[PDB]
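Just the one chain here, laid out as structure tokens, in the form deposited in one PDB entry.
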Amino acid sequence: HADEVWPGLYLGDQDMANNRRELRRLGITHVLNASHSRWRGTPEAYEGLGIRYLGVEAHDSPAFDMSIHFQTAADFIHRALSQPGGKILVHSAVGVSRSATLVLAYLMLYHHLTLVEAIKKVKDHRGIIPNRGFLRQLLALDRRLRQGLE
């Protein structure tokens, strides 16, 4: 999974970052990896895909200062959304903290949002039923209950 939290700006997961057919379909031009491993280098396939990549080494822990990467990461994001047809995917390995943190800093630094506003923006665009069959079943439940079943 990934969601579009801002035009061109996809917050998504590690499996997506690995899904070459999907990267390809969304037309991802850059990928920001918020759990880059010094060891496991940059991803091969990205070369053979035309994706520009930036890798932040961040550990998902309270002691880790992610602060040091806010400006760099925001500049990268801004450089990708600035290009004609630029689309970026921000993710890490596990948990939303590492990538969501860099998207929020970006919106504060480049779109003048307060932290409250930027959290609101991301949360409103973060999906909970990506399975479209389930959505349709929920819409049918909604229809029945509004006519007046109980």
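Just so we're on the same page, rigid core means the largest C-alpha set that superposes within 1.5 Å between forms. Shifts are known only where both forms have a C-alpha. Residue numbers run from 1 along the displayed sequence.
One more form of this protein should be noted, the form deposited in another entry, which is absent from this view; the next part is about it.
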property: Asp142 C-alpha shift between this form and the one not shown of 2 Å or more, rigid core reference; result: yes
property: Yes/no, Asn18 Cα shift of 2 Å or more between this form and the one not shown with rigid core fixed; result: no
property: Comparison of CA distance in that other deposited form with shown form for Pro130, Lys120, at least 3 Å; result: closer
property: Shift in CA distance, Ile128 and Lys120, in that other deposited form relative to the form shown here, given it is 3 Å or more; result: closer
property: Stretches between this form and the one not shown where the CA atoms of at least 3 consecutive shared residues shift 2 Å or more, core fixed; result: 38-40, 127-148
